[PDB]
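Student: Got upload_0.txt for you, compact mmCIF, C-alpha atoms and all ligand atoms:
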# COMPACT_ATOMS: atom_id res chain seq x y z
CA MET A 1 53.55 66.37 85.16
CA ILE A 2 55.60 63.43 83.75
CA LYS A 3 57.93 62.91 86.72
CA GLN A 4 61.54 61.82 87.04
CA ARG A 5 62.10 58.26 88.31
CA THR A 6 64.63 56.36 90.42
CA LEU A 7 64.64 52.96 92.15
CA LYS A 8 62.52 52.32 95.24
CA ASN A 9 65.24 50.05 96.73
CA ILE A 10 68.86 48.96 96.23
CA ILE A 11 69.18 45.88 93.95
CA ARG A 12 72.08 43.52 93.43
CA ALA A 13 73.21 41.21 90.66
CA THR A 14 76.25 38.98 90.02
CA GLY A 15 77.63 38.00 86.63
CA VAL A 16 80.66 38.01 84.32
CA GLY A 17 81.93 40.49 81.79
CA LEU A 18 81.26 39.30 78.21
CA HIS A 19 84.68 40.53 77.03
CA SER A 20 86.86 40.31 80.16
CA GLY A 21 85.34 37.02 81.47
CA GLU A 22 85.75 38.52 84.97
CA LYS A 23 83.31 37.93 87.82
CA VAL A 24 81.53 41.23 88.79
CA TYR A 25 79.02 42.52 91.41
CA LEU A 26 76.48 45.09 90.17
CA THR A 27 74.51 47.29 92.58
CA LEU A 28 71.80 49.73 91.48
CA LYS A 29 71.07 52.41 94.07
CA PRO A 30 68.27 55.01 94.30
CA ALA A 31 69.52 58.52 93.40
CA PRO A 32 68.04 62.03 93.93
CA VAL A 33 66.52 64.39 91.32
CA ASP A 34 68.77 65.54 88.36
CA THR A 35 71.58 63.05 89.22
CA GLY A 36 71.36 61.10 85.97
CA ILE A 37 72.99 57.64 85.69
CA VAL A 38 76.43 57.49 87.39
CA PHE A 39 78.81 54.52 87.45
CA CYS A 40 80.89 53.94 90.57
CA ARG A 41 83.95 51.61 90.48
CA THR A 42 84.10 50.25 94.07
CA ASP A 43 87.12 47.95 93.43
CA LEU A 44 89.34 51.03 92.97
CA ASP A 45 91.16 52.93 95.76
CA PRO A 46 90.04 55.73 95.63
CA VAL A 47 86.60 54.85 94.21
CA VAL A 48 85.96 56.43 90.75
CA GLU A 49 82.64 57.87 89.53
CA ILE A 50 81.89 58.09 85.81
CA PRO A 51 78.65 59.85 84.78
CA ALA A 52 76.94 57.92 81.94
CA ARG A 53 77.19 60.76 79.40
CA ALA A 54 78.18 60.94 75.69
CA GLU A 55 81.30 63.06 76.59
CA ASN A 56 82.62 60.13 78.74
CA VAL A 57 82.48 57.54 75.91
CA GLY A 58 86.10 56.45 75.32
CA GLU A 59 86.01 53.17 73.38
CA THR A 60 83.43 51.87 70.88
CA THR A 61 85.34 48.84 69.36
CA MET A 62 83.07 45.90 70.55
CA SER A 63 80.92 47.64 73.19
CA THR A 64 80.26 51.16 74.51
CA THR A 65 82.92 51.97 77.11
CA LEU A 66 82.91 54.90 79.55
CA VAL A 67 86.34 56.43 80.39
CA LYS A 68 87.70 58.80 83.05
CA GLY A 69 91.49 59.08 82.90
CA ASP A 70 93.00 55.55 82.99
CA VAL A 71 89.69 54.10 84.44
CA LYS A 72 87.00 52.41 82.31
CA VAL A 73 83.50 50.88 82.48
CA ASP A 74 82.94 48.47 79.53
CA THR A 75 79.64 47.24 77.98
CA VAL A 76 77.22 49.77 79.51
CA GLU A 77 74.69 49.55 76.56
CA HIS A 78 72.40 46.68 77.75
CA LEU A 79 71.97 48.04 81.33
CA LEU A 80 71.40 51.59 79.91
CA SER A 81 68.84 50.19 77.39
CA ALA A 82 66.86 48.68 80.34
CA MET A 83 67.02 51.98 82.27
CA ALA A 84 65.88 53.94 79.17
CA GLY A 85 63.04 51.43 78.50
CA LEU A 86 61.72 51.75 82.03
CA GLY A 87 62.20 55.53 82.22
CA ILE A 88 64.82 55.54 84.99
CA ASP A 89 66.32 59.02 85.19
CA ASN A 90 68.43 58.79 88.34
CA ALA A 91 70.55 55.90 89.65
CA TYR A 92 73.98 55.05 91.04
CA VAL A 93 75.52 51.98 89.37
CA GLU A 94 78.13 50.38 91.56
CA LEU A 95 80.50 47.80 89.95
CA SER A 96 83.28 45.70 91.48
CA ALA A 97 85.05 45.37 88.05
CA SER A 98 85.70 47.18 84.73
CA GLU A 99 82.77 45.51 82.86
CA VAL A 100 78.99 45.41 83.45
CA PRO A 101 77.80 41.72 83.77
CA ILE A 102 76.45 40.30 80.47
CA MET A 103 73.64 38.29 82.25
CA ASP A 104 71.79 36.35 79.48
CA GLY A 105 73.05 38.78 76.75
CA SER A 106 69.80 40.84 76.64
CA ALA A 107 68.24 43.65 78.73
CA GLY A 108 65.67 41.11 80.14
CA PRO A 109 67.37 40.28 83.51
CA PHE A 110 68.04 44.03 84.15
CA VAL A 111 64.41 44.94 83.37
CA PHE A 112 63.22 42.24 85.79
CA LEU A 113 65.67 43.17 88.63
CA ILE A 114 64.59 46.83 88.33
CA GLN A 115 60.81 46.01 88.13
CA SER A 116 61.18 43.60 91.08
CA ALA A 117 62.51 46.41 93.34
CA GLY A 118 60.08 48.86 91.69
CA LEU A 119 60.30 52.46 90.55
CA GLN A 120 59.92 55.60 92.66
CA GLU A 121 58.47 58.70 90.97
CA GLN A 122 60.22 61.87 92.11
CA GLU A 123 58.68 65.36 92.57
CA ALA A 124 60.49 66.98 89.59
CA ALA A 125 59.58 67.13 85.89
CA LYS A 126 61.27 64.61 83.55
CA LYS A 127 63.30 66.46 80.91
CA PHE A 128 63.04 65.24 77.31
CA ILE A 129 65.01 66.20 74.27
CA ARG A 130 62.89 66.92 71.23
CA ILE A 131 64.48 66.38 67.78
CA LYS A 132 63.60 69.61 65.87
CA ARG A 133 65.45 68.88 62.61
CA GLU A 134 67.31 65.99 60.93
CA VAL A 135 70.84 65.18 62.19
CA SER A 136 72.91 62.50 60.45
CA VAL A 137 76.37 60.88 60.48
CA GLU A 138 77.77 58.63 57.75
CA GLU A 139 81.05 56.74 57.38
CA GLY A 140 81.42 54.51 54.31
CA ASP A 141 78.26 52.39 53.92
CA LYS A 142 77.27 53.00 57.61
CA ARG A 143 74.68 55.62 58.56
CA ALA A 144 72.98 56.84 61.77
CA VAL A 145 70.18 59.44 61.63
CA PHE A 146 67.79 61.37 63.92
CA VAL A 147 64.56 62.51 62.25
CA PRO A 148 61.85 64.62 63.98
CA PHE A 149 58.98 62.36 65.13
CA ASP A 150 56.32 63.03 67.75
CA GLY A 151 57.07 60.03 70.03
CA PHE A 152 60.00 57.62 70.04
CA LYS A 153 60.76 55.28 67.15
CA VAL A 154 63.79 53.12 66.22
CA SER A 155 64.41 51.72 62.72
CA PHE A 156 67.39 49.50 61.97
CA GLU A 157 68.93 47.62 59.03
CA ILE A 158 71.77 45.14 59.23
CA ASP A 159 73.40 43.45 56.21
CA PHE A 160 75.35 40.27 57.02
CA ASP A 161 76.52 37.95 54.17
CA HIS A 162 75.76 34.77 56.20
CA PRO A 163 73.09 31.99 55.60
CA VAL A 164 71.50 32.56 59.07
CA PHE A 165 70.72 36.22 58.11
CA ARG A 166 65.67 36.00 58.26
CA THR A 167 64.34 39.58 58.77
CA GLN A 168 67.37 42.04 58.62
CA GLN A 169 65.22 45.20 59.01
CA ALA A 170 62.94 46.23 61.86
CA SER A 171 61.13 49.36 63.00
CA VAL A 172 59.77 49.65 66.57
CA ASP A 173 57.36 52.48 67.50
CA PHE A 174 57.13 52.84 71.27
CA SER A 175 53.54 54.24 70.96
CA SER A 176 52.43 50.88 69.45
CA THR A 177 54.88 48.35 71.01
CA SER A 178 56.42 48.04 74.49
CA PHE A 179 60.19 47.88 75.04
CA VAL A 180 59.61 45.02 77.56
CA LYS A 181 57.71 42.67 75.21
CA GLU A 182 59.32 43.46 71.84
CA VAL A 183 62.95 44.42 72.48
CA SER A 184 64.21 43.69 76.08
CA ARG A 185 64.71 39.92 75.57
CA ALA A 186 66.78 40.28 72.32
CA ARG A 187 70.21 38.72 73.05
CA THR A 188 73.62 39.74 71.76
CA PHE A 189 75.19 37.57 69.06
CA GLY A 190 78.58 36.34 67.91
CA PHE A 191 79.99 34.28 65.04
CA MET A 192 82.00 31.20 66.08
CA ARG A 193 84.76 32.07 63.49
CA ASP A 194 85.25 35.59 65.06
CA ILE A 195 85.32 34.32 68.73
CA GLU A 196 88.66 32.61 67.91
CA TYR A 197 90.22 35.97 66.79
CA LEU A 198 88.43 37.89 69.60
CA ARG A 199 89.86 35.66 72.38
CA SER A 200 93.46 36.17 71.09
CA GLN A 201 92.79 39.95 71.67
CA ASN A 202 91.44 39.26 75.23
CA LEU A 203 87.85 39.88 74.01
CA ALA A 204 84.67 37.69 74.18
CA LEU A 205 86.36 35.75 77.12
CA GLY A 206 83.06 35.31 78.98
CA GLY A 207 80.95 34.62 75.88
CA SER A 208 78.98 31.32 75.57
CA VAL A 209 75.53 29.95 74.50
CA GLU A 210 74.39 30.99 78.07
CA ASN A 211 74.80 34.72 77.33
CA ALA A 212 74.70 35.04 73.52
CA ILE A 213 73.29 33.69 70.26
CA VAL A 214 76.32 31.78 68.90
CA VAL A 215 76.22 31.47 65.12
CA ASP A 216 78.05 28.58 63.37
CA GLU A 217 78.95 28.55 59.61
CA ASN A 218 75.35 27.63 58.52
CA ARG A 219 73.08 27.85 61.70
CA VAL A 220 72.37 29.09 65.29
CA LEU A 221 74.28 26.81 67.76
CA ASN A 222 71.97 27.52 70.74
CA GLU A 223 69.89 24.35 71.48
CA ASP A 224 66.67 26.33 72.16
CA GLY A 225 67.07 28.57 69.09
CA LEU A 226 65.81 32.18 68.90
CA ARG A 227 63.48 34.32 71.12
CA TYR A 228 62.27 36.32 68.12
CA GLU A 229 62.40 35.57 64.37
CA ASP A 230 64.29 38.88 63.97
CA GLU A 231 66.29 38.63 67.26
CA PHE A 232 69.57 39.93 65.60
CA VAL A 233 68.13 43.25 64.35
CA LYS A 234 65.98 43.59 67.56
CA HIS A 235 69.30 43.36 69.59
CA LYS A 236 70.79 46.13 67.37
CA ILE A 237 67.70 48.23 68.33
CA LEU A 238 68.27 47.35 72.05
CA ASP A 239 71.94 48.57 71.68
CA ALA A 240 70.88 51.86 69.99
CA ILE A 241 68.35 52.58 72.81
CA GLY A 242 71.17 52.10 75.36
CA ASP A 243 73.82 54.10 73.44
CA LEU A 244 71.29 56.95 72.84
CA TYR A 245 70.49 57.07 76.58
CA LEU A 246 74.02 58.47 77.10
CA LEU A 247 72.45 61.78 75.96
CA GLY A 248 71.28 61.92 79.63
CA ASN A 249 67.64 62.64 78.72
CA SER A 250 64.91 60.71 76.87
CA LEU A 251 64.61 61.49 73.16
CA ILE A 252 61.46 62.56 71.28
CA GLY A 253 62.24 61.64 67.68
CA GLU A 254 63.15 58.80 65.38
CA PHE A 255 66.47 56.96 65.21
CA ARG A 256 67.42 55.24 61.93
CA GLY A 257 70.46 52.94 61.82
CA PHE A 258 71.96 51.47 58.64
CA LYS A 259 74.68 48.91 59.51
CA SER A 260 75.58 51.19 62.46
CA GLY A 261 77.07 50.24 65.82
CA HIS A 262 78.38 51.79 69.05
CA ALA A 263 80.96 54.08 67.35
CA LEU A 264 78.51 55.71 64.96
CA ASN A 265 75.75 55.84 67.68
CA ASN A 266 78.12 57.93 69.84
CA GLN A 267 79.20 60.07 66.83
CA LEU A 268 75.51 60.84 66.10
CA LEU A 269 75.00 61.89 69.79
CA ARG A 270 78.14 64.09 69.60
CA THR A 271 76.83 65.73 66.38
CA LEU A 272 73.33 66.29 67.85
CA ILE A 273 74.86 67.85 71.07
CA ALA A 274 77.00 70.18 68.89
CA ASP A 275 74.01 71.09 66.65
CA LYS A 276 72.07 72.97 69.36
CA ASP A 277 69.47 74.33 66.86
CA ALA A 278 68.41 70.73 66.12
CA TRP A 279 67.06 70.09 69.64
CA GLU A 280 65.32 71.58 72.69
CA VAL A 281 64.76 70.42 76.30
CA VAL A 282 61.01 69.99 77.05
CA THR A 283 58.74 68.96 79.96
CA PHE A 284 55.11 67.73 79.99
CA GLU A 285 52.67 69.03 82.62
CA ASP A 286 50.01 66.63 81.35
CA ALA A 287 50.85 62.95 80.71
CA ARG A 288 47.61 62.64 78.61
CA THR A 289 49.10 65.09 76.00
CA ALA A 290 52.73 63.68 76.12
CA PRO A 291 54.16 61.84 73.03
CA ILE A 292 55.94 59.19 75.19
CA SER A 293 54.18 57.08 77.82
CA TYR A 294 55.78 55.05 80.57
CA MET A 295 54.40 52.15 82.63
CA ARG A 296 52.97 52.85 86.09
CA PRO A 297 55.75 52.80 88.78
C1 LIG B 1 81.20 31.17 72.54
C2 LIG B 1 80.66 32.53 72.43
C3 LIG B 1 80.23 33.68 72.36
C4 LIG B 1 79.65 35.03 72.28
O1 LIG B 1 80.60 35.98 71.80
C5 LIG B 1 80.24 37.29 71.55
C6 LIG B 1 81.25 38.09 70.96
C7 LIG B 1 80.99 39.44 70.62
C8 LIG B 1 79.72 40.03 70.88
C9 LIG B 1 79.48 41.46 70.48
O2 LIG B 1 80.44 42.16 70.10
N1 LIG B 1 78.22 41.94 70.48
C10 LIG B 1 77.86 43.31 70.11
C11 LIG B 1 76.92 43.89 71.21
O3 LIG B 1 75.82 43.39 71.42
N2 LIG B 1 77.31 45.01 71.85
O4 LIG B 1 76.32 45.44 72.79
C12 LIG B 1 77.33 43.40 68.63
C13 LIG B 1 76.21 42.40 68.28
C14 LIG B 1 76.81 44.81 68.29
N3 LIG B 1 78.42 43.09 67.69
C15 LIG B 1 78.68 39.21 71.44
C16 LIG B 1 78.95 37.86 71.78
ZN ZN B 2 74.51 44.52 72.54
Output the structure of this file as structure tokens.
Ligand SMILES: CC#CCOc1ccc(C(=O)N[C@H](C(=O)NO)C(C)(C)N)cc1
Ligand SMILES: [Zn+2]

Tutor:
Amino acid sequence: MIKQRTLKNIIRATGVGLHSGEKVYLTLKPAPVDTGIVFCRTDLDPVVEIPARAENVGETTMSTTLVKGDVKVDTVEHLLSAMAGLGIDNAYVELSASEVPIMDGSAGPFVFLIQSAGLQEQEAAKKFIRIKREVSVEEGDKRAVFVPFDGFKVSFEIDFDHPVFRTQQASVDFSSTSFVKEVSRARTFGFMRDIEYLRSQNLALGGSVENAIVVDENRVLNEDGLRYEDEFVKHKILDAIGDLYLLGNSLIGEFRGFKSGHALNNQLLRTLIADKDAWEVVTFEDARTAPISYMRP
């Protein structure tokens, strides 16, 4: 069988929230079978747990935020993209603040911290969600779609009227290309002109060339340039993988994004969940037959 996975050992990371600018401690802890991903705010008294599920998504303005009453966990998408890429089903995510650390702006440091500690396969089948029919959400010129596909594929299109914006479309098939090599290192991006407005709203407070691609009026400000020729659209793919992982199970299908973001990604998940005839929970007794393959633990 394709087994569920958790962490072999507890791992720790320190960083700052991209939007809050606040120092934060992140701890990833091994979790038992069928736990899912659960956030734990250890700076609160009492401590608050927020399961990483589509129903707990409260805000989608700049990042995906989880909410439980008056308690929040901001910018969960890059850590969840790393967990989805590596096939982590169960984990406790302890945070000392309301925002996950931005690290270098990509999923790269999270992928490394997890792979350093290593993965533990658990004696229970991994549950997948197969897309049986097309599900789509549109709002204005923005669109987010699930199409049946025997594997996992992400297609994305962005349309920025800026001189820096190169390849604005990309399609990644996870049967042909690894998450680690092709997507994990794609950093988040911001426009210098927006950062001014964002900081007046207490947003992007921790943003810098150290954790983001910073775009000027005509070029990338970062001394060392880009990690990929199409790093902007590859980061949008990284975000969709993370937002989609809030479904709580790995998807077997194709995601297509057209100028979409966190808000529409969550709306698509909400529509899929509601449209129960569009999907089915499946397990694979033989990994040789399975449409999605994961790296050895
Ligand atoms: C100096 C300096 C600086 C950096 O400042 C910012 C400001 C905002 C963002 C942001 O909103 N990013 C989003 C993201 O990746 N959500 O996961 C994205 C790409 C979907 N809009 C990123 C960096
Ligand atoms: Zn992002």

Student: Using all atoms listed in the file, determine which residues lie at most 12 Å from residue 129 (chain A), disregarding the query and same-chain residues fewer than 4 positions distant; provide the list as a PyMOL selection string.

Tutor: chain A and resi 133+146+148-152+244-245+247-254+269+272-273+276-284+291-292

Student: Could you list, as a PDB file with C-alpha atoms, keeping the file's coordinate frame, all residues that come within 7 Å of ligand ZN 2 (chain B)? Count only C-alpha atoms and all ligand atoms.

Tutor:
ATOM      1  CA  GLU A  77      74.690  49.550  76.560  1.00  0.00           C
ATOM      2  CA  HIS A  78      72.400  46.680  77.750  1.00  0.00           C
ATOM      3  CA  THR A 188      73.620  39.740  71.760  1.00  0.00           C
ATOM      4  CA  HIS A 235      69.300  43.360  69.590  1.00  0.00           C
ATOM      5  CA  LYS A 236      70.790  46.130  67.370  1.00  0.00           C
ATOM      6  CA  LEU A 238      68.270  47.350  72.050  1.00  0.00           C
ATOM      7  CA  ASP A 239      71.940  48.570  71.680  1.00  0.00           C
TER       8      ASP A 239
END

Student: Put the listed atoms of ligand LIG 1 (chain B) in a box along x, y and z with 3 Å added on every side and give me the centre and edge lengths in Å to one decimal, as JSON.

Tutor:
{"center_x": 78.5, "center_y": 38.3, "center_z": 70.2, "size_x": 11.4, "size_y": 20.3, "size_z": 11.1}

Student: Kindly indicate which residue among A:268, A:50, A:209, A:183 lies nearest to ligand LIG 1 (chain B), using all atoms listed in the file for the distances.

Tutor: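 Residue with the minimum atom-to-atom distance to ligand LIG 1 (chain B): A:209.
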
Student: Which residues of chain A come within 6 Å of ligand LIG 1 (chain B), and what is each one's closest atom pair and distance in Å (one decimal), counting only C-alpha atoms and all ligand atoms, sorted by chain and residue number, as a tab-separated table?

Tutor:
residue	atom	partner	partner_atom	distance
A:62	CA	B:LIG1	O2	4.6
A:63	CA	B:LIG1	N2	4.7
A:77	CA	B:LIG1	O4	5.8
A:188	CA	B:LIG1	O3	4.3
A:189	CA	B:LIG1	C15	4.5
A:190	CA	B:LIG1	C5	4.1
A:195	CA	B:LIG1	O1	5.9
A:204	CA	B:LIG1	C6	4.7
A:207	CA	B:LIG1	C3	3.7
A:208	CA	B:LIG1	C1	3.8
A:212	CA	B:LIG1	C4	5.1
A:214	CA	B:LIG1	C3	5.6
A:239	CA	B:LIG1	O4	5.5
A:261	CA	B:LIG1	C14	6.0

Student: Grab the residues selected above and save them as an mmCIF file, in the coordinates of the input with C-alpha atoms.

Tutor:
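What landed in out-v2.cif:
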data_model
loop_
_atom_site.group_PDB
_atom_site.id
_atom_site.type_symbol
_atom_site.label_atom_id
_atom_site.label_comp_id
_atom_site.auth_asym_id
_atom_site.auth_seq_id
_atom_site.Cartn_x
_atom_site.Cartn_y
_atom_site.Cartn_z
ATOM 1 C CA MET A 62 83.070 45.900 70.550
ATOM 2 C CA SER A 63 80.920 47.640 73.190
ATOM 3 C CA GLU A 77 74.690 49.550 76.560
ATOM 4 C CA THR A 188 73.620 39.740 71.760
ATOM 5 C CA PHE A 189 75.190 37.570 69.060
ATOM 6 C CA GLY A 190 78.580 36.340 67.910
ATOM 7 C CA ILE A 195 85.320 34.320 68.730
ATOM 8 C CA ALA A 204 84.670 37.690 74.180
ATOM 9 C CA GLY A 207 80.950 34.620 75.880
ATOM 10 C CA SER A 208 78.980 31.320 75.570
ATOM 11 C CA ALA A 212 74.700 35.040 73.520
ATOM 12 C CA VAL A 214 76.320 31.780 68.900
ATOM 13 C CA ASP A 239 71.940 48.570 71.680
ATOM 14 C CA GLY A 261 77.070 50.240 65.820
#

Student: Residues near residue 293 (chain A), anyone? I mean within 9 Å using only C-alpha atoms, not counting same-chain ones fewer than 6 positions away, as a list in words.

Tutor: residues 2, 151, 174, 175 and 287 of chain A

Student: Counting only C-alpha atoms, which of A:60, A:115, A:42, A:27 gets nearest to residue 296 (chain A)?

Tutor: A:115

Student: Please indicate the distance in Å from CA of residue 118 (chain A) to CA of residue 8 (chain A), rounded to one decimal place.

Tutor: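 Spanning CA of residue 118 (chain A) to CA of residue 8 (chain A) is a straight-line distance of 5.5 Å.
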
Student: If I take CA of residue 179 (chain A) and CA of residue 76 (chain A), how far is one from the other in Å, to one decimal?

Tutor: 17.7 Å

Student: Anything within 12 Å of (74.0, 32.5, 79.1): list those residues as a list in words, counting only C-alpha atoms and sticking to the file's coordinates.

Tutor: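 Protein and nucleic acid residues near the point are residues 15, 16, 17, 18, 101, 102, 103, 104, 105, 106, 109, 187, 188, 189, 206, 207, 208, 209, 210, 211, 212, 213, 214, 222, 223 and 224 of chain A.
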
Student: Using only C-alpha atoms, which protein or nucleic acid residues come within 10 Å of residue 39 (chain A)? Drop anything in the same chain fewer than 2 positions from it, and give the result as JSON, numbers by chain.

Tutor: {"A": [27, 28, 37, 41, 42, 48, 49, 50, 51, 52, 66, 72, 73, 76, 91, 92, 93, 94, 95, 100]}

Student: Would you list the contacts of residue 58 (chain A) as a PyMOL selection string, taking every protein, DNA or RNA residue within 10 Å and counting only C-alpha atoms, but skipping same-chain residues closer than 3 positions in sequence?

Tutor: chain A and resi 54-55+61+64-69+72-74+263+266

Student: In the coordinates of the file, take the point (64.3, 57.0, 59.0) and a cut-off of 10 Å; then, counting all atoms listed in the file, name each qualifying protein, DNA or RNA residue as a list in words.

Tutor: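 Applying the cut-off with all atoms listed in the file, one gets residues 134, 144, 145, 146, 147, 148, 149, 153, 154, 155, 156, 171, 254, 255, 256, 257 and 258 of chain A.
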
Student: Please save C-alpha atoms of the selected residues as a CSV table (one decimal), in the frame of the given file.

Tutor:
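part.csv written:
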chain,number,residue,atom,x,y,z
A,134,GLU,CA,67.3,66.0,60.9
A,144,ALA,CA,73.0,56.8,61.8
A,145,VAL,CA,70.2,59.4,61.6
A,146,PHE,CA,67.8,61.4,63.9
A,147,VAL,CA,64.6,62.5,62.2
A,148,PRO,CA,61.8,64.6,64.0
A,149,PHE,CA,59.0,62.4,65.1
A,153,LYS,CA,60.8,55.3,67.2
A,154,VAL,CA,63.8,53.1,66.2
A,155,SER,CA,64.4,51.7,62.7
A,156,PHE,CA,67.4,49.5,62.0
A,171,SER,CA,61.1,49.4,63.0
A,254,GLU,CA,63.2,58.8,65.4
A,255,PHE,CA,66.5,57.0,65.2
A,256,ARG,CA,67.4,55.2,61.9
A,257,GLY,CA,70.5,52.9,61.8
A,258,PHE,CA,72.0,51.5,58.6
